[PDB]
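Here the sequence shown is numbered in the entry's author numbering, starting from 701 and rising by one per residue.
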Amino acid sequence: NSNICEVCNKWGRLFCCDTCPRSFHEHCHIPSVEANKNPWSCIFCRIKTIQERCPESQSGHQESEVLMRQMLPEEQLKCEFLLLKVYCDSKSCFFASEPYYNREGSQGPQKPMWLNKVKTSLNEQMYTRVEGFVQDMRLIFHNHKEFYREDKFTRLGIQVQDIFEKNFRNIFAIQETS
Ligand SMILES: [Zn+2]
Ligand SMILES: [Zn+2]
Ligand SMILES: [Zn+2]
C-alpha cells in the first residue's frame, strides 16, 4: 500500500485498503475508518463495486432526476465519496471550517456553509434527498463568490467548485453535453 493518506497526502497513523493500494487517516476517509472489519475496503473500492454490479449505472442521467433521488445507502455512499473528492484537493482547506465575515464593503451570507458542516450532516443522516447535499455544497462556493466580489480570492471558490462539479458529473454519471 501507499505510505501517505490518499486525501491529505501526509504520513501518519494510516489504515490500508485490503482491495486497493490506497491508505487513509481515520478521519480523512469518509465515513471515518470503521473500527473492526477485516478485510476492509475503502470508499473508492465500494464505489467501484456498485458500478461493477450495475454496469448500466454508468449510462447518462439527467441532473434533475439525480437530485430527486432519496438518500438510500448507495446514494449516501456516492455523496460521501463526492465530499471526499473535494477534500482531496488542497484548496479545500479554505472551505473546511466555519467561516467569518468582516470585510469593508461586503456583508456576510445569510446562510453560511462549510465542508465540515456537510460532513457532520451526512454522518447524522440529515439529508433525505441528493438535492439537499448538492444544494449545501454549491452554497459554499456561491457564498464565497458573493462575499469576495472583485477580490482575486474569489477564484478559489471557482476552482474548488469546478472540482465538485466534475466529480458530481462523474460519480452520478451525468449525461455529457456541450
Ligand atoms: Zn489524511
Ligand atoms: Zn480501496
Ligand atoms: Zn445489473
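The beta-carbon is built from N, C-alpha and C at its ideal position, and this holds for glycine as well.
Comparing alpha carbon positions, the residue from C716, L767 and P721 closest to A735 is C716. Nearest neighbour of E865 by Cα position, chosen from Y848, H727, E804 and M837, turns out to be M837.
Of the candidates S723, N703, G805 and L822, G805 places its Cα closest to the Cα of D851. Membership of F794 in the alpha helix (DSSP H) is indicated by the continuous run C793 to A796. Contact between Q875 and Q762 is confirmed by a C-beta separation of about 6 angstroms, below the 8 angstroms threshold. Under the three-state reduction of DSSP output, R803 falls in the coil class, being neither helix nor strand. In this structure, the C-beta of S741 approaches ligand 2 to less than 7 angstroms from one of its heavy atoms. The alpha-carbon of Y800 is positioned some 44 angstroms away from that of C754. By a beta-carbon distance limit of 8 angstroms, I863 contacts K785. Their separation comes to about 7 angstroms. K710 has its CB nearer than 7 angstroms to a heavy atom of ligand 1. Between the region 744-751 and the region 724-733, the count of Cβ pairs shorter than 8 angstroms is below three; the stretches do not touch. A distance filter of 7 angstroms between CB atoms and the heavy atoms of ligand 3 selects the following residues in sequence order: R753, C754, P755 and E756. Separation of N703 and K737 (C-alpha to C-alpha, rounded to the nearest whole angstrom) is 21 angstroms.
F724 has its CB nearer than 7 angstroms to a heavy atom of ligand 1.
By the C-beta density criterion, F853 is exposed, having fewer than 16 other C-beta atoms within 10 angstroms. Taking C-alpha positions only, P731 is separated from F781 by approximately 9 angstroms. Here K811 has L839 as same chain residues with Cβ atoms under 7 angstroms from its own Cβ, once five neighbours each way along the sequence are excluded.
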